[PDB]
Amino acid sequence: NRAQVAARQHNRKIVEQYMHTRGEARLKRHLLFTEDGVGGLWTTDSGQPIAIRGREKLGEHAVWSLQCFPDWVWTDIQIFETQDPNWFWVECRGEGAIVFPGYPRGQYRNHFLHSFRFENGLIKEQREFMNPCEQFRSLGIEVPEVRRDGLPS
């Protein structure tokens, strides 16, 4: 129990560090992961995650993260510990320029949930969840509209 308490307190510090990582520090965020750790975006247009698998690949991906989201900041961070000392959830927002190849530069804002699962004091699995429709908007991509006439309102 003292060990679970210790694990939770340490893991929480890693979540805080991850969520506050911005700027050039993003180039070393992958060091918060286990060697086989996975991090990525679970909510995309395809319905499949875009997951970066392995600490080395996460470090390589930071280059592309900094290209596509050059000034990204997580804001409004609320960290939730859970009964599992190795599992945390985060509710937050994120904002920054979006610079996707072949799209106009945009300003992207979204609400996010993150899941952090730990192993031996480092992140084993990070997942972020958002509404892709807001990212479509930031890219100038038309968002389909569910017709609401027949729904209660």
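Numbering starts at 1 and follows the sequence shown.
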Item to complete: Take the C-alpha B-factors listed in the entry for 124 to 132 and for 42 to 50, compute each mean, and give the stretch with the larger one.
Response: 42 to 50
Discussion item. Using only C-alpha atoms and the B-factors in the entry, which stretch averages higher, 108 to 116 or 80 to 88?
Written reply: 80 to 88
Discussion item. Is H61 in the lowest, middle or highest third of its chain when residues are ranked by C-alpha B-factor?
Written reply: middle
Discussion item. Ranking the modelled residues of this chain by C-alpha B-factor as given in the entry, is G96 in the lowest, middle or highest third?
Written reply: lowest
